[PDB]
């Protein structure tokens, strides 16, 4: 995604308003840029954050913030890759993982969530201890 594509997917008015909400001295921190990206429905990972940081440092001008948002687009995202990641841990091929198991996965590798973030993400999907991870991934991409 370049900025032109980005501004067909998100509303530029929101992009600007959210920048104004968080900016200081005409610039926005990467943490606040990621917060804005999420509000706009985008899903940055640490890969995207480290990329923009290498280019511009941790405090972005408006145009650099636009370039960051374009990096956050991720058109190739899909449910299948997520299900397959969880299915890796589903040895008995039940289609289920417990909340404890999913919490472990989410808080151990990659851009690890805190225990509370993981608990809150899981409890929000289901009151029950056994999670149909296929249904969970469909819901997370909703």
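Residue numbers count along the first chain shown, from 1. Definition used throughout: the rigid core is the maximal C-alpha set that superposes within 1.5 Å between two forms.
Once the rigid core is used to overlay the structures in 6 other deposited structures of this protein, the stretch among 82-90 and 55-63 whose CA atoms lie farther from this form is 82-90. When the two stretches 35-43 and 94-102 are set side by side, the higher mean Cα temperature factor goes to 94-102. The stretch 129-137 shows the higher mean C-alpha B-factor when 129-137 is compared against 15-23 in the entry. Of the candidates 79, 87, 28, 69, it is 79 whose Cα B-factor is highest according to the PDB record. Split the chain's modelled residues into thirds by C-alpha temperature factor. Residue 116 is in the highest one.
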